[PDB]
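First comes one chain, alone, set out as structure tokens in the form deposited in one PDB entry.
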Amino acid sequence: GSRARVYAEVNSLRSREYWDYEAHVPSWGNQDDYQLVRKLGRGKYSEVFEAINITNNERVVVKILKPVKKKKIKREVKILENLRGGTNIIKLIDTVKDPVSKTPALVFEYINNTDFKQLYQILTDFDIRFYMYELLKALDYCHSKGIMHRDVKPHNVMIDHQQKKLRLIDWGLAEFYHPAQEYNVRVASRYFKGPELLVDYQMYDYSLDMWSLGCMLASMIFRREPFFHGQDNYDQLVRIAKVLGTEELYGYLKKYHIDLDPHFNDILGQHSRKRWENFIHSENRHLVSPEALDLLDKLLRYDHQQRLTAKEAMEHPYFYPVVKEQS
């Protein structure tokens, strides 16, 4: 058994219509109002374009949803409607369909993002604190709304470094949290998967997103991106254990009665827990402080119940300079 430490019952306490996305009936506008300009990328079930709304000249991002269970489309639309106005959550502007083919598309606000591979190289200590604080506001918001993002990674955090705007994007893997529900562990990018996913523990919660955020924090302050760079899902756990330690892993497995896939016997080895200070060197020293290491140590923990919540993390002394600056 496992339950979220916060927000556990928040969907139960709301109208069923709030979380019963299969019953949701979107209002589908007309895609002919949008002119595609440039392809920006694609997902497994999506293609993404920069576009212009020709009725008002607004620049937008259009996500055209290829074949996919209409249930997954309803889920993403309902989650985005529930998160409307949330702090640092990408704004859904419109839901539209090709009026002939009825192919659906989602229209989002445009963010002039700096590619994270270039950005992370130039961030100052204060920059990291600021952006992580802003990202935490997005996670606290969605968690308070009963939603797990489940795909937190640099590619899904758009940062306009000139205007200092941050948005958490791509809610296509997000899901409603319900206590005791068993969820599919095939979520998140390999490098950002929490240990619970890697050991096939299905009773996870919002704290999965906090592992992913911790991975991002580590990559920023230490300038090793991704921080845990597995070659596959098995090696991903080995990379984690070489830092957190194997004895600590086994304690986690025992607490939650977790059966470890026996292919791990050949590859985990034995590893002491490493001090976070071992990652400091001349290239990253200016980004690391006792406060950063204390926060990171409280995010990158095997035991999902022991990780800080997004609110607890925001309240950590590491962010005091950000809070002070904003007043």
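Only the largest set of C-alpha atoms that superpose within 1.5 Å between the two forms is called the rigid core. Heads up: residue numbers just count along the shown sequence, starting at 1.
What comes next is about the form deposited in another entry, which is not displayed.
Chemist: In a superposition on the rigid core, which residue from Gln181, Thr103, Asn233, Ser144 has a CA displacement reaching 2 Å or more between this form and the one not shown?
Modeler: Result of the superposition: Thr103 is the only one at 2 Å or more.
Chemist: For a quick test of reading the superposition: does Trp276 move by 2 Å or more at the CA between this form and the one not shown, rigid core aligned?
Modeler: Shift at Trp276: below 2 Å after core fit.
Chemist: Tell me whether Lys298 is among the residues that move between this form and the one not shown (Cα shift of 2 angstroms or more, core superposed).
Modeler: No: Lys298 shifts by under 2 Å between this form and the one not shown.
Chemist: Aligning on the core only, does the CA of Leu40 end up 2 angstroms or more away between this form and the one not shown?
Modeler: Yes; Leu40 is a residue whose C-alpha shifts (by 2 Å or more) between this form and the one not shown when the cores are overlaid.
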